[PDB]
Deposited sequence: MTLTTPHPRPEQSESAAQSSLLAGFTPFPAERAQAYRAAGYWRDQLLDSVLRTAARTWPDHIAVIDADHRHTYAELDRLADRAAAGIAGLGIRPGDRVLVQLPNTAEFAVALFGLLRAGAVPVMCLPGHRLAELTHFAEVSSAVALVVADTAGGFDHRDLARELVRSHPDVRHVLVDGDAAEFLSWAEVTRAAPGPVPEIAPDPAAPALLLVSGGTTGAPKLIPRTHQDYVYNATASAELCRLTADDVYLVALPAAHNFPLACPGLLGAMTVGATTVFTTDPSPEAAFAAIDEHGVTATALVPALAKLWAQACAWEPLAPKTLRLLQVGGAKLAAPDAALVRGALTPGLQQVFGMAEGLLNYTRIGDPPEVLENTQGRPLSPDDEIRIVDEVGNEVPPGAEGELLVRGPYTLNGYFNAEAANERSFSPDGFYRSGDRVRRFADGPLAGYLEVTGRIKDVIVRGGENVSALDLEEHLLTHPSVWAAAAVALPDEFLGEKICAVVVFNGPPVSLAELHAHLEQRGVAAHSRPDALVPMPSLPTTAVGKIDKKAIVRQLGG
């Protein structure tokens, strides 16, 4: 019954064995993080929010009960379930509840709407949807277009749907007996991409437990730390970097908050004795100019400018840690004892000894040490393909199996910042068409959302009226489609006529560099 394996690109056997031999992959299921924590620190507080708090022993039972309830609706191991919940202790009840039923949760962010969730349901073959009332009209239009979503569970006023409280609490059961492959997907994360269809990222039990454990070790988390979840709990960053899960691997307390604004957050920190939190640079800067127990302030999600880094660890805490990471895998951290110049001018270095980074040029070659290039990555917790996204996989990965991040970075080869990364921007691909600076990359993403377009390349051709015209070189799926049809598709998606291709050219396949990126200079010297 599991197309779970159908959408999944596994880790190659030899790399998997290597990661097991090195102690990264420990053969235990994701939900065992709670189980083991519950056996070790039964009476330590596990999770806190405004109105509730649960010890590890109390949380362990709740997840068990939630799991029996979920299995009771007919949700079976491998089934994917869309999840969209606020920052509540209940988020933890749902995550491990779902995991213990053997379901594979899809971690949706609060800013996702019907278009996103609909596409997620389609990609994941989701059979259910968990939501909170602070969304019902959303669930209604979702099940209409995707009947396979047989269950809607609402934390709050359920209306016509199921009550999350009813189903998970006071619903007897035996707790289902499951046995997933730990090298198979435990959950699906959402990719913070472009426009663009968002993608789903499969994280295996093996690599996600490692991602949390290793991160919590690096951050030196102990049972005494109190981590504040200020970002949306379903995002990779506060979920496992080290986040709630990493916190749970050491028996630390996790505090959820709905309001990460300075006044409310400063209040929460003093009350619960918060020692750690993660923010984005905009929010870190806001807290700083709003101004102990805090000792670790992680900042990630976009580049912290060094003056703003300065502000942050002069006004908030010297215990700044820069984090450059992605839901797809690779995490770069500054280390806990690192010199101030490293905290303020770098975005860290890889989490794992066996994280492999390549910094390459536009041809696909390894750039000279210290030069800028595109970051490519492969390692013990980096995906080998997106879930159920064969066209995106051909496009997004190296032939060797390195993920192409689209990030422009340099690794300093000399000086006091040696060994560390700096993020300098995004790889760009601009076509100068008339008075418009058109992005080939986002034009290509738009064209790819057509069911007839398998692969696409927007290329610049010298033109006498426009300077450069836009040639869409396309690999079609079924029968080809005319430019006017593609133009109609682009307009419905909101692309103006000044960014639509002037010409359409079909090819049986697109040429690529030795890194898998479309070889556009080659496509030009044809056509």
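The deposited chain is incompletely modelled, with C-alpha atoms absent over 1-17, 152-156, 314-320, 557-558.
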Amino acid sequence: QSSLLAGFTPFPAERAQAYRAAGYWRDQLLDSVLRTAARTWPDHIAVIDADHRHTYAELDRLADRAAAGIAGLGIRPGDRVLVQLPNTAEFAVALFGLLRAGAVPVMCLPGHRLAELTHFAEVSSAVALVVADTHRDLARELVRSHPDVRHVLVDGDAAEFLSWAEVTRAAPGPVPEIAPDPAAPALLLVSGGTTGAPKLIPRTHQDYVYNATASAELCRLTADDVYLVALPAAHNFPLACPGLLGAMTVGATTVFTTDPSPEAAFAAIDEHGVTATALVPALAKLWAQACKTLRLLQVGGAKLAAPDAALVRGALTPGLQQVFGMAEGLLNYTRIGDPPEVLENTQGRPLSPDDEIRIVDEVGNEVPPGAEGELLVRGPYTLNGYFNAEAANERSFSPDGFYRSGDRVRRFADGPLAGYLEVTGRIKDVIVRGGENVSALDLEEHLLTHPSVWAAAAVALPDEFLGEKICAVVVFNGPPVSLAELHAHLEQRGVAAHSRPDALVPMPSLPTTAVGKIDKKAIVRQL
From here on, numbers count along this sequence of modelled residues.
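Averaged over CA atoms, B-factors in the entry run higher in 492-500 than in the other of 31-39 and 492-500. Relative to one another, 354-362 and 328-336 have unequal mean CA B-factors, and 354-362 is the one with the higher figure. When the C-alpha B-factors of 202, 182, 176, 348 are read from the PDB record, the largest value belongs to 176. Take 217, 79, 344, 259 and read off each C-alpha B-factor from the entry; 259 has the highest. Residue 12: CA B factor lies in the middle third for its chain, per the PDB record.
For residue 168, the recorded CA B-factor ranks within the highest third of the chain. Only modelled residues enter the ranking. In the deposited entry, the Cα temperature factor of residue 193 places it in the highest third of its chain's modelled residues. Among all modelled residues in this chain, the alpha-carbon of residue 222 has a temperature factor (C-alpha) in the middle third.
Looking at the C-alpha B-factors along this chain, the one for residue 465 belongs to the lowest third.
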